[PDB]
Structure formats: C-alpha cells, structure tokens
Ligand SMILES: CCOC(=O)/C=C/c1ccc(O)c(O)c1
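One chain is shown next in structure tokens, namely the form solved without the ligand.
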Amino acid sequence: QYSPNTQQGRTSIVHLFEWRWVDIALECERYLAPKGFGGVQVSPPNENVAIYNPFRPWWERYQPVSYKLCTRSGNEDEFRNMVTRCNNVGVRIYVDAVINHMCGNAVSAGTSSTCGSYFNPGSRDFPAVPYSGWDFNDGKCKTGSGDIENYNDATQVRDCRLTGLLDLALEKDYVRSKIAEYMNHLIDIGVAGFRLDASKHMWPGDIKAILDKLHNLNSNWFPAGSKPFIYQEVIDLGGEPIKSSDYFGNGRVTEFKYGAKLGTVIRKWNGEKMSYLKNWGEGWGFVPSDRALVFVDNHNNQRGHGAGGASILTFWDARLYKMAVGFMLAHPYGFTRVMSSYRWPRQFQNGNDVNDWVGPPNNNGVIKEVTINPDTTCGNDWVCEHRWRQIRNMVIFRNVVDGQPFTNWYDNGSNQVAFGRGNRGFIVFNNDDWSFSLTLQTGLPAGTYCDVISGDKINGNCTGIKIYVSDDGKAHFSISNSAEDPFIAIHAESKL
C-alpha cells in the first residue's frame, strides 16, 4: 500500500480536480505520458447528490448517493476508456474514495442525484447500494446533536456525523463488503490506488478490514501480487488525540504540516526563513518520509476549506507558488502530488471567500471541456498548473535526480539557499530582498546546462538561461530579487 505503482522513472502524481474522464484520457496521451508524469488523482467517480443551492458546488461530490460510476465527469464507459488509455501510455489513475459517509442527513429525498438514483436521507434509505437505517452510526454516536462536537474525543470523531454527513457503520461486514465491491470494480478496471477521504473519521481497524477484501492490481498492467497504492486523508497538525501514525499500517498519509510550514517559510511569516530548511522533512516533526504524501496545496485548503490556514500557497500567488512547488519537487522528502485547479470568482467578505463552494467551469451544470491554447496553456478557466513550464520542468527534475542524496547545501543565513542531488541536479533560490551573485559548487560534471525554470532544452539549444559548469564543478549564479522566477534549476538531462 506504500508504493505508488508508477512506471520506473515517474515520481509525481497530479490531481486533475473536477476534470472530465474524456479530457483526462486525452491529457494522458498528449501530455502526461511524454512529460513524465506518474499518475492522476481523479475526483470521486461514484454517483453523488446534485445540490442546486448553491448551484452544483465542488463539495457535492463528497456526498455519495450510490456507487454507480455516473457523475458530471462522465459515465462508466468513459471512466473505463480513460483508465485504459492512460494505463496504456504509462500513466496511473488514483481514485478519490469517499467511503466514510453518504450525504447530508438534511438533504431532501428524491432523485436529485447525478445518475437519477432515488434516495431518502431522512429514513436512511439509499436503495441504489443498498443501505438502510441499519447501516449507519445513528445509534453508535453519543453526542446530543448526532454530529461531531469535540475533536478531543477520538470516539465521537469516528462514530458521529462529520458536519451532518450520514456516517456509515464501517464495523459491519455488510457495509465493508459493499465498499470493497465498489473498490474492486475500480481495481479490475485498472486503477493503481486510492485516496481515502476523511480517514481521520474512520477507525484504522475498519479501514484495514476493508482493504483486506481488495483484489490485486490488474495483471495486464501491473506485476503479479501488486497491491493498490493507499494514501489516507488525515489532517494531523499538533496535539490531537488522533495521530497520523495510527494509520501507518494501512498505507501512506497526507502530511498537511508540509504545506502549512513551507507556506509560512516562503512567505517569510513569523520569523521563518529559507536557511532553516537545511533539515527540512523529519527534522521538522513530519511523519517518516516513506509514509508521506506531500503537497503545497490541495483541493480542500486552496480555498480555505481545511488544514493549512492562511499560509497556504496556491496558483493565485503564482510567483511564490512556483518557488514552493519547485522546492518540494527538488527535495527528497516524500511522494509528491501536484495540484491542478480551475479558476473561480474569489469574493472575500471580511477575510472569508463567500464563493469557496463554486464548482468547475460549467454551462448550466455541464462541465466545460478543457481547451488547449496554441501556447500549450489551457482555456475555459482551467488553471492547469501542471502545464506551467516551471512546474512541468521540476516534475522532470525530480525524475532525473531520483535516489540521489541531498548535498552541497548552501545558505547566506537568510533566504538565499542552494542544494544539489548527488551529481544529477542543482537548484538555487533567492528569496531575499537583494540580488544573488555567487560562484557555487554544484557537484555536477563540467558543461553548459540549460536553466529549466526560465527555459527548455531543444535539440542542442536552450530557450532560456544557460549555466556554465567548470571542471571543478563550480558555477556562477546571478538572480535578481526582482526576477520573474527567483530560482534556477539545472540537471543531467538539461546539459547541452
């Protein structure tokens, strides 16, 4: 459950948030495969509640109605088509599994679901599965509201309703079997792993029980005996009775302190500075690297919905964002997930975004197609950070120096730091309010390298900056604090 199941040489996965199956399938063939991306985390593929007030929010996909592969992203046949096409070109698919609960207990009964299945929250009736009042924790929860009220009580956090969401009785074998039946359907189709949503709200033991009933990955694409990659969404910042380590036996966990801390460091908040990143990783109290799934931002914190807070860096802060993602992809700590978002009308009212619910670009509910501009960018309001040259080239950088030790560290005691990865890559950052101009030891073989942040290497030429490494491995670097991108990265595959 700890290995991504990616093809050799691919070290990152990208979250194509709310994308349609047909668009992901094309992206796999025309872009992800040739650019070295390892896999794609997709939005929940199972039927959810269609919420019209507000109008089709992104979070409606976290309110299951059944396990039918029928959503705004497409139907079962399109889902199968995408997984097959992606696998065939070497890019894995990771499914967002919402198995801790069903929909809001106050949602009206009827057929307001992405696939028209009938449901009745009030009587706990989900005939499309089927589930009944017997399959929920209504009797198990002890709070007077039926919802979670105190997060210092590990018991209610697991047996009570998370913000009113009908909480499934995951201890019952019937329930575990229904969920496993859904998950095995996905595995046989070709998926390589799963993101387990709201894992902190499920007992680690119930999760194991469910994982016990799972098949091995599809033998047409994976080696015999391969287990699905598992990463659980556990929001664990400081002192809480529940800890991330409680889930190490099921697979990896999301390390939410990663982005929260990196964000305040890059922003230079509360006295933090880049020179402190010298012992980044476990040194900062993070979970062991072999159990970590890291990221700068996620879909549920880039819009204030969760762990991270105000330090969280997103595409809205493009300059600092690229630099944070650049640092993450260059540093050996954890397995990295890249975010891919859509733009929405941010509308702050007293420091809070009142439009944080807004769903993907659409036309009366129908998700808009991801268009590709002649300059390789995306249209129709899709940000496509994974297509930004600076992010894209850092994704390749991580593949190139994979397995190389963190070495040749340098810092000016403030926010000008550099470090290498064995003799395969080197990166330099300038986050101070003055220019950087110094000759550094790179640990790389002499030669001319193309800077992959400002440009690309093409048939024997660079389209951006060029770095000259001498016989002694030294190279001069000049970065203005006013530079578009105050960082430079070079690697073995960018050598001319």
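The first residue of the shown sequence is 1; numbering continues from there.
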Per the PDB entry, mean CA B-factor is higher for 369-377 or 92-100, namely for 369-377
When the C-alpha temperature factors are averaged for each of 223-231 and 186-194, which stretch ends up with the higher value in the entry?
-> 223-231
Out of 327, 426, 276, 134, which residue has the highest Cα temperature factor in the PDB record?
-> 134
Which one, 139, 204, 334, 259, has the peak C-alpha temperature factor per the PDB entry?
-> 139
Residue 432: which third of its chain by C-alpha temperature factor?
-> middle
Classify residue 36 as lowest, middle or highest third according to the C-alpha B-factor given in the PDB entry, relative to its own chain.
-> middle
Based on the entry's values, in what third of the chain does the Cα temperature factor of residue 65 lie: lowest, middle or highest?
-> middle
Residue 479: which third of its chain by C-alpha temperature factor?
-> middle
Relative to the other modelled residues in the chain, which third contains the C-alpha temperature factor of residue 397: lowest, middle or highest?
-> lowest
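This next part talks about the form solved in complex with the ligand, which is not shown.
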4.5 Å heavy atom contact, residue 440 to the ligand in the deposited bound form = no
Wondering, does residue 394 line up within 4.5 Å of the ligand in the deposited bound form on heavy atoms?
-> no
4.5 Å heavy atom contact, residue 10 to the ligand in the deposited bound form = no
Verify the contact flag for residue 370: yes if a non-hydrogen atom of it lies within 4.5 Å of a non-hydrogen atom of the ligand in the deposited bound form, no if not.
-> yes
Here the chain appears without its partner; judged in the deposited bound form, the stretch of 395-403, 179-187, 79-87, 422-430 with heavy atoms within 4.5 Å of the ligand is 79-87
What is the one choice in 327, 335, 222, 248 with a heavy atom within 4.5 Å of the ligand in the deposited bound form?
-> 248
Which of 351, 144, 285, 139 has a heavy atom within 4.5 Å of the ligand in the deposited bound form?
-> 285
Give, in sequence order, every residue of 7-37 that has a heavy atom within 4.5 Å of the ligand in the deposited bound form, or say none if there are no such residues.
-> 20, 22, 23, 26
